[PDB]
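One chain is shown next in structure tokens, namely the form deposited in one PDB entry.
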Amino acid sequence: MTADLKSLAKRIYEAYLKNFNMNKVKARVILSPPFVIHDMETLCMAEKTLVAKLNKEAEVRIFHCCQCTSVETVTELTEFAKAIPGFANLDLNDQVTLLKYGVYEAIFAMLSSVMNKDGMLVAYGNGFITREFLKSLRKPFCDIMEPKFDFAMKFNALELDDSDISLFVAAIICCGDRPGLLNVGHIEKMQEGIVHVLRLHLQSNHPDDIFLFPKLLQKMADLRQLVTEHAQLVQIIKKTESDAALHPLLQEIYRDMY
């Protein structure tokens, strides 16, 4: 692994630590105290301390808070993408397409860092929602998070650190086979450079697992399918729930996606 490829992996890693408020090391520290949301009583208590200004059904209030975090994460991923060699040199329209299809694959990948089998760290490290509370919400809102917990438990078993995850997220953003891409050839070259660094980095950082790279390629495919199914559930909610309107930035991300 040349000093240049180590520099690329380090640049990506530092751009990850700079652009995302929560990293896996800090998440594990806290998860090892945040306010525990495990029932309706504690949800209301958390709302008054953590999202005071926020009345509708609990399920709808939660859904709105979730939208706020997604808008924030999309903004963070947008600045992170600049660290990827060649991304800023891409056509402005291609940069939008890559981020459009990539953001939620990256969101659910990064969500794993703050999940354990019993729940998830939320609200900038200050809350912890239980997995069972989320399952207790009325349909269809109880169906949103459980497939993400399912993915995260397998993803977390790979025992990646943020030096790996930063490259993985970069690779997700660099997928050349997104619909609507103009300069597909340059994107594939850009993807190839990130994937090449990821492969060498995993060999260096995880010599114990000789299959980690193909394992992560499969997780990228799993995430694409997870996002397809997520978008389908979001469309049902928007259509069936006469009070869960979508933030405009998010509605534009899902527009014409799948």
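Basically, rigid core = biggest C-alpha set you can superpose within 1.5 Å across the two forms. Don't overthink the numbering: it's just position in the shown sequence, from 1.
Note on 191-199 and 43-51: with rigid core alignment, C-alpha atoms in 9 other deposited structures of this protein sit farther from this form for 43-51.
Relative to the displayed structure, the C-alphas of 85-93 lie farther away on average in 9 other deposited structures of this protein than those of the other candidate, with 85-93 and 165-173 compared after rigid core superposition.
According to the entry, the deposited sequence places 4 to 9 unmodelled residues between residue 32 and residue 33.
Coordinates are given for every residue of the deposited sequence from residue 68 through residue 69, so that no gap is recorded there.
Comparing 208-216 with 229-237, the stretch with the higher mean C-alpha B-factor in the PDB entry is 229-237. Note on 40-48 vs 55-63: mean CA B-factor is higher in 55-63. Sorting 119, 102, 147, 185 by the CA temperature factor given in the entry leaves 185 at the top. Of the candidates 9, 15, 249, 25, it is 249 whose Cα B-factor is highest according to the PDB record. When the CA B factors of the chain's modelled residues are split into thirds, the value for residue 162 lands in the lowest one.
When the modelled residues of the chain are ordered by their C-alpha B factor, residue 181 lands in the highest third. Per the PDB record, residue ranking by Cα B-factor puts residue 131 in the lowest third of the chain. Ranked by Cα temperature factor within the chain, residue 173 sits in the middle third according to the deposited record. Ranked by Cα temperature factor within the chain, residue 73 sits in the middle third according to the deposited record.
The form deposited with a partner chain bound exists for this protein as well; it is not shown, and the discussion that follows is about that form.
Put simply, of 178, 148, 186, 100 only one has a heavy atom within 4.5 Å of the partner chain in the entry with it bound, and it is 100. In summary, among the residues 108, 133, 141, 87, the only one with a non-hydrogen atom within 4.5 Å of the partner chain in the entry with it bound is 87. No member of the trio 59, 231 and 245 reaches the partner chain in the entry with it bound with any non-hydrogen atom inside 4.5 Å. Residue contact with the partner chain in the entry with it bound: residue 236 places no heavy atom within 4.5 Å of it. In the entry with it bound, none of the heavy atoms of residue 163 sits within 4.5 Å of a heavy atom of the partner chain.
Put simply, residue 79 is close to the partner chain in the entry with it bound: some heavy atom of it is within 4.5 Å. Of the heavy atoms in residue 75, some are within 4.5 Å of the partner chain in the entry with it bound.
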